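There are 2 protein chains.
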Amino acid sequence: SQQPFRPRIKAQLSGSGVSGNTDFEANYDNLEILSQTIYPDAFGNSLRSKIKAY
Amino acid sequence: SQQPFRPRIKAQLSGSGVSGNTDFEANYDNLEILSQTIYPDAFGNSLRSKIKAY
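Going down the list, the sequences are from chains h and d.
The numbering of the first sequence is the deposited numbering, which starts it at 56 and goes up by one.
The numbering of the second sequence is the deposited numbering, which starts it at 56 and goes up by one.
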């Protein structure tokens, strides 16, 4: 559809978790999603011919 | 149905009745009845574990 496209990547998961008998809720991790927006451009060229006879 | 319960007891007659051919209405006796109401109450305890691997 040549609409502006948007690709997404999943960032790698980092950050220290939880040690020992500690609740998962003491250090949540963040699922991080990055994106890009690709917009189209229009471009062109043209040749103008001379009189048919020539 | 664990609704607040009500037990009842019947007391003892203590009136002097009628003696000769005197009739019952001359001294009526009183059937006296007593009661108590028992309400419920909720209590409880709990234990929270460690991590399953521990």
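Ideal Cβ positions, reconstructed from N, Cα and C, are used throughout, including at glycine.
Top-ranked residue by Cα proximity to residue i, from the options
i, options, result
"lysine 65/h", "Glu80/h, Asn82/h, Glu87/h", "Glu87/h"
"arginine 61/d", "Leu89/d, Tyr83/d, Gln67/d, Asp84/d", "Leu89/d"
For residue j and residue i, the rounded distance between their alpha carbons
i, j, result
"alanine 108/d", "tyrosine 94/d", "44 Å"
"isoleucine 106/d", "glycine 75/h", "8 Å"
"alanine 81/h", "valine 73/h", "7 Å"
"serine 69/d", "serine 101/d", "54 Å"
"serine 56/h", "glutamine 91/h", "18 Å"
Residue i - containing beta strand (DSSP E), residue span
i, result
"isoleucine 64/h", "63-65"
"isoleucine 88/d", "88-90"
Contact test: residue i Cβ vs the ligand SAM heavy atom, cutoff 8 Å
i, result
"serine 90/d", "Ligands in the displayed structure: none, and consequently the ligand SAM is not present."
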